[PDB]
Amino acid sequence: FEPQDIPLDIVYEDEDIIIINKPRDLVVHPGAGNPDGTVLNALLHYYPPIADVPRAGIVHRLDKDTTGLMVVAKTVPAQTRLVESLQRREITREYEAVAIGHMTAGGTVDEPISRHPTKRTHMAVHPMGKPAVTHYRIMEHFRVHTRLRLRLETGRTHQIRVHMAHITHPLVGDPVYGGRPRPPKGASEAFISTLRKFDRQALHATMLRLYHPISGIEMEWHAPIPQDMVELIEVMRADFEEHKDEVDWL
């Protein structure tokens, strides 16, 4: 794998780790169909000595069109310690999302994931698959959508997107898992347009918390909700406010 000139948004860097804020349209690791143009290529360009760290220090990933935080190891001791912390469920990886459907409670989805039996670029829940756990809470209700905050225990392929689709609440804009139903009845022109143009899963890695792999000091980072999701949330919020105004008066 070769260095490529792909700018990264570095949130924090010290001797041992890098925190990045990943944009959409950026694959983390080379794969079938994506031989290059990845975060790994970008890291090798930014800090060539990282080639001496397993997988260029990449210890966890996000979907191509999921935005937000990743932690990357710069050194061998940092990489080993981060992997161990992940194995021990000692790193918080928190996500903001907008899901389709009104939802009434938070919860946990503890369901294993496999490749879909006929569609090879899709994953699926399956009893015999790779164990996976996602926790979710409701941040804000909308009319026929819900703003969620999610935390991972595991990081299986398409895990959040698959788990939310499994419970009948796929993420808005998800091009694979059913994120583009007809807009809500009575939606404003602005709401219809924003939904039409929102063409990725509404998923963002919003917060990381961990014990620093070398110093042991507890640290936390944030990535602001990207503008696309800000616009989406604000229009859904305005729509729900209009709805409340129609029904909350006796």
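Numbers follow the displayed sequence, beginning with 1.
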{"item": "Mean C-alpha B-factor comparison - 121-129 and 160-168, higher one", "value": "121-129"}
{"item": "Selected stretch [higher average CA B-factor]: 181-189 or 200-208", "value": "181-189"}
{"item": "Top Cα B factor in the deposited entry, candidates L69, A32, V28, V59", "value": "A32"}
{"item": "Residue, from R151, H116, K74, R147, that the PDB entry assigns the highest Cα B-factor", "value": "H116"}
{"item": "CA B-factor ranking of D110, expressed as a third of its chain", "value": "highest"}
{"item": "Ranked C-alpha temperature factor of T104 among modelled chain residues, by third", "value": "highest"}
{"item": "Third of the chain's Cα B-factor distribution that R81 belongs to, per the entry", "value": "middle"}
{"item": "Chain-wide C-alpha B factor ranking for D9, given as lowest, middle or highest third", "value": "lowest"}
{"item": "CA B-factor placement of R88, once the chain's modelled residues are sorted into thirds", "value": "highest"}
